[PDB]
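Trainee: To be precise about what I am sending: the file is called query31.cif and holds mmCIF, C-alpha atoms and all ligand atoms.
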data_structure
loop_
_atom_site.label_atom_id
_atom_site.label_comp_id
_atom_site.auth_asym_id
_atom_site.auth_seq_id
_atom_site.Cartn_x
_atom_site.Cartn_y
_atom_site.Cartn_z
CA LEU N 4 28.43 -43.08 -14.36
CA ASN N 5 28.50 -39.64 -12.67
CA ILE N 6 30.96 -38.39 -10.09
CA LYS N 7 27.73 -38.37 -8.03
CA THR N 8 26.57 -41.91 -8.70
CA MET N 9 30.10 -43.35 -8.78
CA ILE N 10 31.04 -46.64 -7.14
CA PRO N 11 34.29 -46.18 -5.20
CA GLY N 12 37.25 -48.46 -5.80
CA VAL N 13 38.39 -50.29 -2.70
CA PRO N 14 42.03 -49.72 -1.65
CA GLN N 15 44.47 -52.63 -1.91
CA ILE N 16 44.75 -54.44 1.44
CA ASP N 17 47.84 -56.60 2.04
CA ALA N 18 46.08 -59.16 4.27
CA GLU N 19 44.26 -62.48 3.84
CA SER N 20 40.85 -61.11 4.77
CA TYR N 21 38.99 -57.97 5.81
CA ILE N 22 35.62 -56.36 6.27
CA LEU N 23 34.54 -52.80 6.95
CA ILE N 24 31.08 -52.18 8.42
CA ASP N 25 29.09 -49.26 9.80
CA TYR N 26 28.36 -49.77 13.52
CA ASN N 27 24.84 -48.30 13.55
CA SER N 28 23.43 -49.62 10.24
CA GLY N 29 25.48 -52.83 10.17
CA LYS N 30 26.05 -52.01 6.50
CA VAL N 31 28.98 -53.80 4.86
CA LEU N 32 31.09 -51.15 3.04
CA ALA N 33 33.94 -53.36 1.78
CA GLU N 34 34.97 -57.03 2.12
CA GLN N 35 37.41 -59.72 1.00
CA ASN N 36 37.28 -63.34 2.21
CA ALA N 37 35.29 -62.05 5.19
CA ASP N 38 33.85 -65.49 5.96
CA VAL N 39 37.09 -67.50 5.66
CA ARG N 40 37.75 -69.34 8.92
CA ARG N 41 41.01 -68.12 10.34
CA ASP N 42 43.23 -68.30 13.40
CA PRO N 43 42.14 -65.21 15.37
CA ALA N 44 45.13 -65.26 17.74
CA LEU N 45 44.81 -62.62 20.48
CA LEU N 46 41.50 -61.32 19.06
CA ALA N 47 39.78 -64.36 20.65
CA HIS N 48 40.04 -62.33 23.87
CA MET N 49 37.46 -59.94 22.42
CA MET N 50 34.97 -62.73 23.15
CA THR N 51 36.52 -63.31 26.57
CA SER N 52 36.04 -59.54 27.18
CA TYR N 53 32.45 -59.76 25.84
CA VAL N 54 31.36 -62.49 28.29
CA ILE N 55 33.11 -60.70 31.20
CA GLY N 56 31.34 -57.48 30.17
CA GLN N 57 27.98 -59.31 30.22
CA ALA N 58 28.75 -60.65 33.69
CA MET N 59 29.47 -57.17 35.05
CA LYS N 60 26.49 -55.63 33.23
CA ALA N 61 24.33 -58.26 34.96
CA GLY N 62 25.96 -57.31 38.28
CA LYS N 63 27.68 -60.70 38.81
CA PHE N 64 30.81 -58.89 40.05
CA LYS N 65 32.50 -55.46 39.98
CA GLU N 66 35.88 -54.06 38.93
CA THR N 67 36.76 -53.55 42.60
CA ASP N 68 36.16 -57.20 43.52
CA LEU N 69 39.34 -59.15 44.35
CA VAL N 70 40.21 -62.27 42.32
CA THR N 71 42.54 -64.97 43.70
CA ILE N 72 45.06 -66.38 41.21
CA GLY N 73 45.10 -70.18 40.89
CA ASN N 74 47.61 -72.81 39.77
CA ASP N 75 45.58 -72.91 36.56
CA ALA N 76 46.68 -69.35 35.72
CA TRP N 77 50.27 -70.14 36.70
CA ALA N 78 50.51 -73.23 34.47
CA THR N 79 50.22 -71.17 31.23
CA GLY N 80 53.61 -71.68 29.55
CA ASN N 81 55.52 -72.01 32.82
CA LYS N 85 58.65 -65.60 37.56
CA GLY N 86 62.33 -66.05 36.75
CA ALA N 87 62.24 -62.28 36.31
CA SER N 88 59.02 -60.83 34.99
CA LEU N 89 57.41 -58.63 37.60
CA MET N 90 54.47 -59.45 35.28
CA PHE N 91 53.73 -62.64 37.18
CA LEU N 92 50.18 -63.53 38.11
CA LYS N 93 51.59 -65.90 40.72
CA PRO N 94 49.30 -68.27 42.65
CA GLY N 95 47.79 -66.90 45.86
CA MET N 96 47.69 -63.30 44.63
CA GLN N 97 44.36 -61.45 44.83
CA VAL N 98 44.13 -59.08 41.87
CA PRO N 99 41.28 -56.60 41.30
CA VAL N 100 38.92 -57.40 38.39
CA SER N 101 39.92 -53.98 36.97
CA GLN N 102 43.56 -55.07 36.58
CA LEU N 103 42.72 -58.52 35.13
CA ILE N 104 40.22 -57.43 32.45
CA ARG N 105 42.85 -54.95 31.21
CA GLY N 106 45.64 -57.52 31.52
CA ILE N 107 43.75 -59.77 29.09
CA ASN N 108 44.43 -57.11 26.44
CA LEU N 109 48.11 -57.03 27.44
CA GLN N 110 50.94 -59.27 26.11
CA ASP N 111 49.59 -62.79 26.08
CA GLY N 112 46.40 -62.42 28.09
CA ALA N 113 46.66 -66.09 29.03
CA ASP N 114 47.02 -66.09 32.82
CA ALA N 115 44.60 -63.16 33.40
CA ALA N 116 42.07 -64.76 31.03
CA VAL N 117 42.41 -68.09 32.88
CA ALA N 118 41.93 -66.33 36.24
CA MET N 119 38.89 -64.42 34.99
CA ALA N 120 37.36 -67.54 33.38
CA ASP N 121 37.41 -69.37 36.75
CA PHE N 122 36.12 -66.28 38.55
CA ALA N 123 33.23 -65.63 36.13
CA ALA N 124 32.25 -69.19 35.17
CA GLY N 125 33.81 -71.55 37.73
CA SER N 126 36.14 -73.26 35.24
CA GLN N 127 37.86 -72.63 31.90
CA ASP N 128 35.65 -75.26 30.19
CA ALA N 129 32.42 -73.63 31.39
CA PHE N 130 33.72 -70.20 30.39
CA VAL N 131 34.58 -71.52 26.91
CA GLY N 132 31.03 -72.95 26.72
CA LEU N 133 29.80 -69.40 27.39
CA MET N 134 31.96 -68.02 24.59
CA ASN N 135 30.37 -70.56 22.26
CA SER N 136 26.82 -69.85 23.45
CA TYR N 137 27.39 -66.17 22.55
CA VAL N 138 28.73 -67.18 19.11
CA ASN N 139 25.26 -68.74 18.71
CA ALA N 140 23.48 -65.74 20.27
CA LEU N 141 25.31 -63.29 17.97
CA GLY N 142 24.47 -65.42 14.92
CA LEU N 143 28.14 -65.95 14.00
CA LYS N 144 28.47 -68.73 11.42
CA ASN N 145 32.28 -69.10 11.24
CA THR N 146 33.50 -68.78 14.85
CA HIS N 147 34.38 -71.48 17.40
CA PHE N 148 36.38 -71.30 20.65
CA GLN N 149 38.55 -74.07 22.14
CA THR N 150 40.52 -72.28 24.86
CA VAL N 151 40.77 -69.04 26.92
CA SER N 152 44.56 -69.03 27.18
CA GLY N 153 46.37 -67.44 24.22
CA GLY N 154 45.42 -69.35 21.07
CA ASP N 155 47.43 -72.08 19.39
CA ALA N 156 44.38 -74.32 19.51
CA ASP N 157 43.71 -75.91 16.09
CA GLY N 158 39.93 -75.99 16.64
CA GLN N 159 39.82 -72.30 17.52
CA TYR N 160 38.85 -70.03 14.61
CA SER N 161 36.86 -67.02 13.44
CA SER N 162 36.49 -64.79 10.36
CA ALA N 163 36.86 -61.09 9.57
CA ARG N 164 33.07 -60.63 9.55
CA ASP N 165 32.50 -62.52 12.80
CA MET N 166 35.30 -60.57 14.47
CA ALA N 167 33.78 -57.27 13.32
CA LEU N 168 30.42 -58.49 14.69
CA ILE N 169 32.04 -59.21 18.08
CA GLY N 170 33.48 -55.68 17.99
CA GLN N 171 29.98 -54.32 17.28
CA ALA N 172 28.39 -56.31 20.12
CA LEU N 173 31.14 -55.17 22.52
CA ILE N 174 30.37 -51.56 21.67
CA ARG N 175 26.57 -52.05 21.61
CA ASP N 176 25.86 -54.46 24.50
CA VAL N 177 28.72 -53.99 26.98
CA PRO N 178 29.94 -50.37 26.52
CA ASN N 179 31.47 -50.18 30.02
CA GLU N 180 33.75 -53.08 29.12
CA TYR N 181 34.44 -51.59 25.69
CA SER N 182 35.68 -48.39 27.39
CA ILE N 183 38.72 -50.35 28.55
CA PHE N 184 40.09 -50.56 25.03
CA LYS N 185 40.93 -46.87 24.52
CA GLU N 186 43.16 -46.56 27.57
CA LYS N 187 46.64 -45.76 26.33
CA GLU N 188 48.11 -46.89 29.65
CA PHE N 189 47.19 -48.85 32.77
CA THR N 190 49.05 -50.43 35.68
CA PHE N 191 49.17 -54.25 35.81
CA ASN N 192 50.54 -55.73 39.02
CA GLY N 193 52.06 -52.41 39.99
CA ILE N 194 53.88 -52.04 36.66
CA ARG N 195 52.91 -49.55 33.94
CA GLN N 196 51.85 -51.04 30.58
CA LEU N 197 51.08 -49.42 27.23
CA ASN N 198 48.18 -50.21 24.88
CA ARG N 199 49.52 -52.07 21.82
CA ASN N 200 46.77 -50.61 19.63
CA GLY N 201 49.04 -47.89 18.26
CA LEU N 202 46.17 -46.26 16.33
CA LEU N 203 44.94 -44.73 19.63
CA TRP N 204 47.71 -42.14 19.23
CA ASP N 205 46.68 -41.34 15.63
CA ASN N 206 45.54 -37.71 15.57
CA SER N 207 44.02 -37.97 12.08
CA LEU N 208 41.52 -40.63 13.15
CA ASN N 209 39.41 -40.99 16.28
CA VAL N 210 40.09 -44.67 17.09
CA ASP N 211 39.00 -46.05 20.49
CA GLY N 212 39.33 -49.82 19.95
CA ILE N 213 39.65 -52.64 19.84
CA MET N 214 42.28 -55.39 19.85
CA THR N 215 45.46 -56.43 18.03
CA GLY N 216 47.35 -59.71 17.87
CA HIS N 217 50.15 -61.33 15.90
CA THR N 218 51.42 -64.90 15.67
CA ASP N 219 53.31 -66.61 12.83
CA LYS N 220 50.38 -68.92 11.92
CA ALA N 221 47.71 -66.16 12.17
CA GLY N 222 49.63 -63.30 10.62
CA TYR N 223 48.83 -59.76 11.76
CA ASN N 224 45.28 -59.19 13.01
CA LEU N 225 43.49 -55.98 13.94
CA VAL N 226 39.93 -55.07 14.88
CA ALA N 227 39.59 -51.27 14.92
CA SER N 228 36.71 -48.92 15.59
CA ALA N 229 36.80 -45.27 14.66
CA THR N 230 34.35 -42.37 14.91
CA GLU N 231 33.73 -39.15 13.01
CA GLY N 232 30.91 -37.20 14.60
CA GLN N 233 27.98 -39.57 15.07
CA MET N 234 29.38 -41.99 12.51
CA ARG N 235 31.24 -45.09 13.66
CA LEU N 236 32.97 -47.66 11.48
CA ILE N 237 34.40 -51.04 12.45
CA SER N 238 37.18 -52.74 10.49
CA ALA N 239 38.58 -56.25 10.86
CA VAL N 240 41.83 -57.02 9.05
CA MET N 241 43.18 -60.52 9.52
CA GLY N 242 46.21 -62.36 8.17
CA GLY N 243 48.04 -59.08 7.63
CA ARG N 244 51.23 -59.93 5.78
CA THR N 245 53.70 -57.31 6.97
CA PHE N 246 54.78 -55.55 10.15
CA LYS N 247 54.67 -52.22 8.32
CA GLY N 248 51.01 -52.63 7.33
CA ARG N 249 49.83 -53.99 10.70
CA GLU N 250 48.12 -50.67 11.49
CA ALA N 251 48.53 -48.91 8.12
CA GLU N 252 46.10 -51.15 6.17
CA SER N 253 43.30 -50.70 8.71
CA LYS N 254 43.81 -46.91 8.80
CA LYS N 255 43.57 -46.90 5.00
CA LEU N 256 40.26 -48.84 5.14
CA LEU N 257 38.79 -46.66 7.90
CA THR N 258 39.65 -43.35 6.24
CA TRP N 259 38.22 -44.69 2.93
CA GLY N 260 34.84 -45.57 4.49
CA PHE N 261 34.58 -42.10 6.07
CA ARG N 262 35.53 -40.38 2.80
CA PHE N 263 33.03 -42.23 0.58
CA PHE N 264 30.15 -43.18 2.89
CA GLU N 265 27.86 -41.39 5.33
CA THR N 266 25.39 -42.83 7.80
CA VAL N 267 21.94 -41.23 7.98
CA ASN N 268 19.27 -41.53 10.70
CA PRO N 269 15.96 -40.85 8.87
CA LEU N 270 13.56 -41.93 11.63
CA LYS N 271 13.54 -42.69 15.37
CA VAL N 272 11.43 -45.07 17.50
CA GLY N 273 8.07 -43.53 18.31
CA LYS N 274 8.25 -40.72 15.73
CA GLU N 275 5.36 -40.72 13.24
CA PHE N 276 6.54 -41.40 9.69
CA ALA N 277 2.99 -41.53 8.26
CA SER N 278 -0.66 -41.87 9.31
CA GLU N 279 -3.40 -44.06 7.83
CA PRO N 280 -7.13 -44.37 8.45
CA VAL N 281 -8.23 -47.51 10.30
CA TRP N 282 -11.64 -49.21 10.16
CA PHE N 283 -13.58 -50.63 13.15
CA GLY N 284 -11.44 -49.01 15.86
CA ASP N 285 -12.06 -46.63 18.74
CA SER N 286 -9.80 -44.18 16.89
CA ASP N 287 -9.87 -42.86 13.30
CA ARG N 288 -6.22 -43.10 12.27
CA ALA N 289 -3.19 -45.27 12.88
CA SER N 290 0.13 -43.63 13.80
CA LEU N 291 2.79 -45.45 11.74
CA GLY N 292 6.57 -45.67 12.07
CA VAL N 293 9.35 -47.92 13.35
CA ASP N 294 10.12 -49.98 16.46
CA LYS N 295 13.88 -49.60 15.96
CA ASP N 296 15.94 -46.50 15.00
CA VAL N 297 16.60 -46.45 11.26
CA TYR N 298 20.25 -46.20 10.23
CA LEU N 299 21.24 -46.24 6.55
CA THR N 300 24.77 -46.16 5.17
CA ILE N 301 24.80 -44.46 1.78
CA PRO N 302 27.39 -42.91 -0.60
CA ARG N 303 28.74 -39.57 0.76
CA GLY N 304 27.11 -36.61 -0.98
CA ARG N 305 23.82 -38.42 -1.56
CA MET N 306 21.80 -37.76 1.61
CA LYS N 307 19.88 -34.83 0.07
CA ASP N 308 18.71 -37.10 -2.76
CA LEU N 309 17.44 -39.97 -0.59
CA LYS N 310 13.67 -40.55 -0.99
CA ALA N 311 11.42 -42.25 1.58
CA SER N 312 8.11 -43.94 0.84
CA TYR N 313 5.96 -46.80 2.17
CA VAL N 314 3.57 -49.58 1.14
CA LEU N 315 0.96 -51.27 3.37
CA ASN N 316 0.30 -54.98 3.79
CA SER N 317 -3.35 -54.33 2.94
CA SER N 318 -5.94 -52.21 1.18
CA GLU N 319 -7.38 -50.87 4.43
CA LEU N 320 -6.25 -50.95 8.06
CA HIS N 321 -8.65 -52.86 10.32
CA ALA N 322 -8.75 -52.68 14.09
CA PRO N 323 -7.67 -54.27 16.37
CA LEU N 324 -4.06 -53.06 15.93
CA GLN N 325 -1.38 -53.86 18.52
CA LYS N 326 1.47 -51.51 19.40
CA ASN N 327 4.38 -52.34 17.05
CA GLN N 328 2.26 -54.59 14.80
CA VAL N 329 3.90 -54.72 11.32
CA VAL N 330 1.52 -53.29 8.71
CA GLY N 331 3.75 -52.41 5.77
CA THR N 332 7.21 -51.49 4.49
CA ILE N 333 9.30 -48.31 4.34
CA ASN N 334 11.41 -48.06 1.17
CA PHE N 335 14.37 -45.70 0.79
CA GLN N 336 15.52 -44.86 -2.74
CA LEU N 337 18.42 -43.19 -4.50
CA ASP N 338 18.28 -42.59 -8.26
CA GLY N 339 14.96 -44.40 -8.52
CA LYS N 340 16.25 -47.64 -7.02
CA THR N 341 15.36 -49.05 -3.58
CA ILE N 342 18.57 -49.42 -1.54
CA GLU N 343 17.06 -49.96 1.95
CA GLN N 344 13.79 -51.29 3.42
CA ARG N 345 12.51 -51.30 7.00
CA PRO N 346 9.26 -52.64 8.51
CA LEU N 347 6.40 -50.18 9.07
CA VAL N 348 4.77 -50.68 12.50
CA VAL N 349 1.76 -49.35 14.43
CA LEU N 350 3.05 -46.91 17.06
CA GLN N 351 -0.04 -46.98 19.27
CA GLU N 352 -2.62 -49.68 19.96
CA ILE N 353 -5.97 -49.19 18.23
CA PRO N 354 -8.53 -51.54 19.85
CA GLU N 355 -11.78 -52.49 18.08
CA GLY N 356 -14.64 -50.02 18.36
CA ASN N 357 -17.19 -48.53 15.98
CA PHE N 358 -16.14 -46.36 12.99
CL CL A 401 23.99 -62.08 28.12
NA NA A 402 28.38 -54.75 37.94
#
Kindly return the structure encoded in the file as structure tokens.
Ligand SMILES: [Cl-]
Ligand code: NA
Mentor:
Amino acid sequence: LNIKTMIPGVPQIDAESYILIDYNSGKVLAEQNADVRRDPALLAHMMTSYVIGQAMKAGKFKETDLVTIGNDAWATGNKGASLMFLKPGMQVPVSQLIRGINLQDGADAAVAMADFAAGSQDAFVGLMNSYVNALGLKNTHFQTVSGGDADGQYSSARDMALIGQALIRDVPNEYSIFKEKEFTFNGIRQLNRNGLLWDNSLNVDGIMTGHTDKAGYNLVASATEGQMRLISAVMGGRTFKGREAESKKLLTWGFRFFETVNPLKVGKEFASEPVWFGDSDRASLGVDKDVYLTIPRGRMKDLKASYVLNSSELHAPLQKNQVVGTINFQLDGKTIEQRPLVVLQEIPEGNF
């Protein structure tokens, strides 16, 4: 009812679905049909990139390793021109192939990497589906690594934003690939088709874009402003003209009306409480995971922190990171965010 306590209107987005989330807090800022199962088109390669990134993180291979191209990679919609051939017998560096997945149809480079990383396309696809389970995605399923007609291949705006968040969070060295405006594939210079990388009003460093007639226009974008990072997923975009415009509009809106606060870090003492029957007198209390809250912009000065304990008194023995209560964060008297209150240091039984 104030200009201070206002609820912002969401801009009109000419697309079938969308979601906008904060990367750190995972807070959902805006959504429409975010769980509707859709053709992801070329965004499916975000999951391809994710699995590849996990393989490299785990030291399975390196960007300098040479990959031989098979007949499997050649058979994808079968050189009559195109110096963009991944022809059989070639041995391409992993560096070229992981970037070539992002480029044009990633089909032949994705098929080559699938065999390299997982032995076969089917096994690799099994890995994409195990990570759908690991990431908790409820509306994503993969059928193929090449391109994406595939009638049993789908995702949603939310699930695609979550894949973008995991890419950034879990495999940042693979995520770095996405901001490169240009790279050389097979000796020929390519440009990044994420045009928002050239936007000087926004700091966008990801992620992927893809259009087909059945899937419409699709973009997953990530943008930063200081320490704040937003992720948008816009899918089933209706027009060419809005294919980057709609996502820009969403991203700028989330930065204008929301700010992400970090009230408390792992290991820092939020409160202390006395503990009975221990070797020590007081329990050091806080969190086991960094607290990130996304709140209305202008409100961070007004945010109030408090806590409640699971009990009347703390009794030893207390394990490190044992949950003993709840931290509540309030604005205007109402609790908007809660986190678990843990023991920061073990208090074994004793005397006291
Ligand atoms: Cl993993
Ligand atoms: Na590695």
Trainee: For residue 90 of chain N, work out the shell of residues within 9 Å, counting all atoms listed in the file and skipping chain neighbours fewer than 6 positions away, then give it as a list in words.
Mentor: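 The filter keeps residues 191, 192, 193 and 194 of chain N.
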Trainee: Atom CA of residue 334 of chain N to atom CA of residue 306 of chain N: how many Å, to one decimal?
Mentor: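 Between these atoms lies a distance of 14.6 Å.
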Trainee: Compile the contact shell of residue 67 of chain N as number ranges by chain: residues with an atom at most 7 Å away, counting all atoms listed in the file, same-chain residues fewer than 4 positions apart removed.
Mentor: N: 99-101
Trainee: Measuring atom to atom with only C-alpha atoms, identify which of N:152, N:171, N:230, N:71 is nearest to residue 48 of chain N.
Mentor: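 Selected residue with least distance to residue 48 of chain N: N:152.
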Trainee: Got a sec: who's within 12 Å of residue 49 of chain N, counting all atoms listed in the file, leaving out chain neighbours fewer than 5 positions off, as an MDAnalysis selection string?
Mentor: chainID N and resid 43:44 54:56 104:105 107:108 112 116 134 137:138 148 151 153 161 165:174 177 180:181 183:184 212:216 225:227
Trainee: Output C-alpha atoms for every residue in the selection just made, as a compact mmCIF listing (two decimals), in the coordinates of the input.
Mentor:
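The result, written out as out28.txt:
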# COMPACT_ATOMS: atom_id res chain seq x y z
CA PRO N 43 42.14 -65.21 15.37
CA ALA N 44 45.13 -65.26 17.74
CA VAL N 54 31.36 -62.49 28.29
CA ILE N 55 33.11 -60.70 31.20
CA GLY N 56 31.34 -57.48 30.17
CA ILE N 104 40.22 -57.43 32.45
CA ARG N 105 42.85 -54.95 31.21
CA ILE N 107 43.75 -59.77 29.09
CA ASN N 108 44.43 -57.11 26.44
CA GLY N 112 46.40 -62.42 28.09
CA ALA N 116 42.07 -64.76 31.03
CA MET N 134 31.96 -68.02 24.59
CA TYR N 137 27.39 -66.17 22.55
CA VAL N 138 28.73 -67.18 19.11
CA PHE N 148 36.38 -71.30 20.65
CA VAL N 151 40.77 -69.04 26.92
CA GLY N 153 46.37 -67.44 24.22
CA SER N 161 36.86 -67.02 13.44
CA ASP N 165 32.50 -62.52 12.80
CA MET N 166 35.30 -60.57 14.47
CA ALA N 167 33.78 -57.27 13.32
CA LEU N 168 30.42 -58.49 14.69
CA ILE N 169 32.04 -59.21 18.08
CA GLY N 170 33.48 -55.68 17.99
CA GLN N 171 29.98 -54.32 17.28
CA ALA N 172 28.39 -56.31 20.12
CA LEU N 173 31.14 -55.17 22.52
CA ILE N 174 30.37 -51.56 21.67
CA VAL N 177 28.72 -53.99 26.98
CA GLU N 180 33.75 -53.08 29.12
CA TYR N 181 34.44 -51.59 25.69
CA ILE N 183 38.72 -50.35 28.55
CA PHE N 184 40.09 -50.56 25.03
CA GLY N 212 39.33 -49.82 19.95
CA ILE N 213 39.65 -52.64 19.84
CA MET N 214 42.28 -55.39 19.85
CA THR N 215 45.46 -56.43 18.03
CA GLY N 216 47.35 -59.71 17.87
CA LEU N 225 43.49 -55.98 13.94
CA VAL N 226 39.93 -55.07 14.88
CA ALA N 227 39.59 -51.27 14.92
Trainee: Between atom CA of residue 51 of chain N and atom CA of residue 28 of chain N, what is the distance, to one decimal in Å?
Mentor: 25.0 Å
Trainee: Give the residue list for ligand NA 402 (chain A) at 9 Å, counting only C-alpha atoms and all ligand atoms, as a PDB file with C-alpha atoms, in the coordinates of the input, sorted by chain and then by residue number.
Mentor:
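Okay, pocket_9.pdb is ready:
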ATOM      1  CA  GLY N  56      31.340 -57.480  30.170  1.00  0.00           C
ATOM      2  CA  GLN N  57      27.980 -59.310  30.220  1.00  0.00           C
ATOM      3  CA  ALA N  58      28.750 -60.650  33.690  1.00  0.00           C
ATOM      4  CA  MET N  59      29.470 -57.170  35.050  1.00  0.00           C
ATOM      5  CA  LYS N  60      26.490 -55.630  33.230  1.00  0.00           C
ATOM      6  CA  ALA N  61      24.330 -58.260  34.960  1.00  0.00           C
ATOM      7  CA  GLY N  62      25.960 -57.310  38.280  1.00  0.00           C
ATOM      8  CA  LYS N  63      27.680 -60.700  38.810  1.00  0.00           C
ATOM      9  CA  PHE N  64      30.810 -58.890  40.050  1.00  0.00           C
ATOM     10  CA  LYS N  65      32.500 -55.460  39.980  1.00  0.00           C
ATOM     11  CA  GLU N  66      35.880 -54.060  38.930  1.00  0.00           C
TER      12      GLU N  66
END
Trainee: Using only C-alpha atoms for the distances, tell me which of N:242, N:186, N:122, N:307 is nearest to residue 68 of chain N.
Mentor: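 Answer, going by the shortest atom-to-atom distance: N:122.
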Trainee: I want to know what sits within 12 Å of residue 328 of chain N, based on all atoms listed in the file, with residues of the same chain fewer than 5 positions away left out; could you give that as number ranges by chain?
Mentor: N: 289-294, 315-316, 320-323, 346-353
Trainee: Could you tell me how far atom CA of residue 42 of chain N lies from atom CA of residue 75 of chain N, in Å and to one decimal?
Mentor: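 According to the coordinates, atom CA of residue 42 of chain N and atom CA of residue 75 of chain N are separated by 23.7 Å.
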Trainee: Under the rule that all atoms listed in the file are counted, which of N:337, N:133, N:270, N:277 is the nearest residue to ligand CL 401 (chain A)?
Mentor: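 With all atoms listed in the file as the atom set, the closest residue is N:133.
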Trainee: Extract, using all atoms listed in the file, all DNA, RNA and protein residues at most 7 Å from segment 247-262 of chain N, discarding same-chain residues fewer than 3 positions from it, and format them as an mmCIF file with C-alpha atoms, in the frame of the given file.
Mentor:
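Saved to selection-v1.cif:
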data_model
loop_
_atom_site.group_PDB
_atom_site.id
_atom_site.type_symbol
_atom_site.label_atom_id
_atom_site.label_comp_id
_atom_site.auth_asym_id
_atom_site.auth_seq_id
_atom_site.Cartn_x
_atom_site.Cartn_y
_atom_site.Cartn_z
ATOM 1 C CA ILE N 16 44.750 -54.440 1.440
ATOM 2 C CA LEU N 32 31.090 -51.150 3.040
ATOM 3 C CA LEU N 202 46.170 -46.260 16.330
ATOM 4 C CA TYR N 223 48.830 -59.760 11.760
ATOM 5 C CA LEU N 236 32.970 -47.660 11.480
ATOM 6 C CA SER N 238 37.180 -52.740 10.490
ATOM 7 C CA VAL N 240 41.830 -57.020 9.050
ATOM 8 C CA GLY N 243 48.040 -59.080 7.630
ATOM 9 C CA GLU N 265 27.860 -41.390 5.330
#
Trainee: Go through N:126, N:98, N:241, N:85 one by one, measure the shortest atom-to-atom distance of each to residue 38 of chain N using only C-alpha atoms, and give the residue with the smallest value.
Mentor: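 Comparing N:126, N:98, N:241, N:85 against residue 38 of chain N, the winner is N:241.
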